[PDB]
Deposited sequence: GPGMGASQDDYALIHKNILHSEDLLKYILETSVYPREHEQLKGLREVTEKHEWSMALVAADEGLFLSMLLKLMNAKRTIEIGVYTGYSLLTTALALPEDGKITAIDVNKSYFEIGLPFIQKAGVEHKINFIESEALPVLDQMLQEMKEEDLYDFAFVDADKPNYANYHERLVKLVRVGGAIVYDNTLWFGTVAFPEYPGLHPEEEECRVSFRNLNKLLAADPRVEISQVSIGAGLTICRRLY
């Protein structure tokens, strides 16, 4: 989508039955706890032409909760867009935390950069403007035990999730977390066939159905599929 919208047939990625329950969750437990600059970044992004790709706000507060409970301090993110999940991660890490951000389109990143600077956490971010898989392939060859990541957030092009997985279970430390966004894909994953989809909407649906089967059978990780936001899967490296 972004990097390669109204052509989509699916509109609401949140998988809940009630829009009133979703609004309740956001106004009761998210917006009161949402950073001032995360709010400004969100409102601007909701007016962008690819606003559907914006990470869910309740999904953002959850990622921040995981980063602190696991005391993550060196993370990597694949797929930044305007940087809501990047700013969420930067606010969650300690003062000397470091993030390796990767996106093919920096013009999306510069939409949220003013909010990242005014939040005072831009110093933690190393933005790489490139396709992620070439960067991950170099990282694995030059990999030292010292330079392992604690946490990986995958939110870029959807068909490449399985390929990203093979690199990230070597680039993330044992006991580290790998979180994949959109693993429930508008609920269309629960059906072998889903008519009425754009060709790449259907390609992402098939790729997630295959990815969810692969992750559930991968002994290198423990998995946990969480029905929050667009749906996400948490993988924890065992070896």
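Within the chain's deposited sequence, the coordinate-free stretch is confined to 5 to 7.
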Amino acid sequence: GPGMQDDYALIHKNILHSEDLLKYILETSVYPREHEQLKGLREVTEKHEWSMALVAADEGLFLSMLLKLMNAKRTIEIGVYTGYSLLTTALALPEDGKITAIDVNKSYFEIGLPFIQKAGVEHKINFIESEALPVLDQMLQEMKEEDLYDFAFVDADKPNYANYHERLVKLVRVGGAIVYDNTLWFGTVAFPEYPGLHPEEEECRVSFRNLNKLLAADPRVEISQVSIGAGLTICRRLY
From here on, numbers count along this sequence of modelled residues.
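Judged by mean Cα B factor in the deposited record, 128 to 136 ranks above the other of 87 to 95 and 128 to 136.
For the two regions 141 to 149 and 99 to 107, the entry's Cα B-factors average higher over 141 to 149. Of the candidates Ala9, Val226, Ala230, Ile223, it is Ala9 whose Cα B-factor is highest according to the PDB record. When the modelled residues of the chain are ordered by C-alpha B-factor, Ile15 sits in the highest third. Ranked by C-alpha B-factor against the other modelled residues of its chain, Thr82 falls in the middle third.
The PDB entry assigns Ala72 a C-alpha temperature factor belonging to the highest third of its chain's modelled residues. Among the modelled residues of its chain, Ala162 has a C-alpha B-factor that falls in the lowest third, as given in the PDB entry.
Per the PDB record, residue ranking by Cα B-factor puts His35 in the highest third of the chain.
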